[PDB]
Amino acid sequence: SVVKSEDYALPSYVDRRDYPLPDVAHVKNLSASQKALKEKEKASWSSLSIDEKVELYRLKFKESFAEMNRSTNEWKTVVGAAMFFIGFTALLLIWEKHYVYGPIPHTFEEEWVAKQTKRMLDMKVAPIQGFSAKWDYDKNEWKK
């Protein structure tokens, strides 16, 4: 039952799928009725009751395979919380845009862009695949 720091050098108990029979019993000290139960265990197990069998199991082991291998709802907390902090990051970005960044260059104004785009087309920027390739020079429009 109760494990202590200064027992680290002693054989200990674990619940592990791949180490089914640990080095010590889950419970080492036995009450009077528990002692009587260990005695009865020396006779035919058919005479043991279901409750007695469960009790013998629970003396030897802490959790069953089913208990130890159970899944949990941790993922919800984890994913939820990560989304929360990513969301919080957006607030930092908002603060930064508002108070730190000035206006961007004039070359991003809509009219500048429209003129630059024509010029890029007149110069046939990336004419094979990247940019001008996507412009229909015959119909004077973006390729549908």
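Residue numbers here begin at 1 and follow the sequence given.
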**Study point:** Between the two ranges 6 to 14 and 124 to 132, the one averaging a larger CA B factor in the entry
**Key:** 6 to 14
Check your understanding: Which has higher Cα B-factors on average according to the PDB entry: 54 to 62 or 95 to 103?
Key -> 95 to 103
Practice item. Classify residue 75 as lowest, middle or highest third according to the C-alpha B-factor given in the PDB entry, relative to its own chain. Key: highest
Practice item. Ordered by C-alpha B-factor within the chain, which third holds residue 26? Give me lowest, middle or highest, please. Key: middle
Check your understanding: What third of its chain, lowest, middle or highest, does the C-alpha temperature factor of residue 46 fall into?
Key -> middle
